[PDB]
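One protein chain, two forms: both are listed below as structure tokens, the first as structure 1 and the second as structure 2.
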Structure 1
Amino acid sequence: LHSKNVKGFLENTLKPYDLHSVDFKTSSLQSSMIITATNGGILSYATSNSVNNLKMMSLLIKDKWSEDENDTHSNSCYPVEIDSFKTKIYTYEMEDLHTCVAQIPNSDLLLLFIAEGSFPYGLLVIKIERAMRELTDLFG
């Protein structure tokens, strides 16, 4: 009872559960949108399940965007250069969701992802990065 063992046991029990060489998929996004950097004119978009609610965000986010590309960033900004042009990537939680805004040099539009608060921001910034590259690749 409480023996050195029974104590050091419960402690050895606090240890994490290690998963080795596991394959994991994050969930998929909810929205993938393109809005004019200008007023947030939703050009195109895609979902998983109204269009009202979406627009609410296309504008809301864009707001939060120019509010950081001007009013200000050092921590949550992720600057990159694609096809010899530059763009900034921003994350932002809006109503418990993770979102991403980055600009396109070619058309001055904003690319945008919206996802659960269960979608890892890191993978999100990375995901949007390749998205821009692949995007500008198909348009030069």
Structure 2
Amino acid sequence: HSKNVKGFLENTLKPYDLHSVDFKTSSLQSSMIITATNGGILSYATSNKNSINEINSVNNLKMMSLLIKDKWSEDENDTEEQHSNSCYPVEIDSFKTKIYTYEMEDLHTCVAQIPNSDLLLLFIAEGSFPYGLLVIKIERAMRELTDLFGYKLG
């Protein structure tokens, strides 16, 4: 806190330690790599007890992945209005991609093409996980995936 509006604005200029920032949730629900061509899951992890729920959970991820890939591909051919909440152009080692965000019912999702590839990296989180954090997260995580830059399904 501060005395007045001027002092508040001066305080906003100080270095913003993401340290002092509390989040309701900062963990993902699910994370996967899917094809940019058809939204098929090539690899996934989830946080979310029995056999049918393991099966069901993969089925639900497949449906979600398909929906998200459709919105991503529509947004990429920018001849219509954007489904996405955000489109941030980014560079990892001079490889370019774009970070999109999609609301899916109560969930926050974030997706980016692995640069030059036929693959998307997709994060799925509860609605309490801020989009700003997802965007930071996905850009950093993408740096780990240089092996897959340019990956072609062929």
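Residue indices: 1-based, along structure 1. Only residues modelled in both forms are compared. Think of the rigid core as the biggest set of C-alphas that the two forms share within 1.5 Å after superposition.
Core-superposed comparison between structures 1 and 2: the CA of residue 13 exceeds or equals a 2 Å shift.
Once the rigid core is overlaid between structures 1 and 2, residue 26 counts among the residues whose Cα shifts by 2 Å or more. The Cα position of residue 104 changes by 1.0 Å between structures 1 and 2 once both are aligned on the rigid core.
On core superposition, residue 83 has its C-alpha offset by 2.2 angstrom between structures 1 and 2. After superposition on the rigid core, the segments of 3 or more consecutive residues displaced by 2 Å or more at every C-alpha between structures 1 and 2 are found at 2-27, 73-75, 105-108, 137-140.
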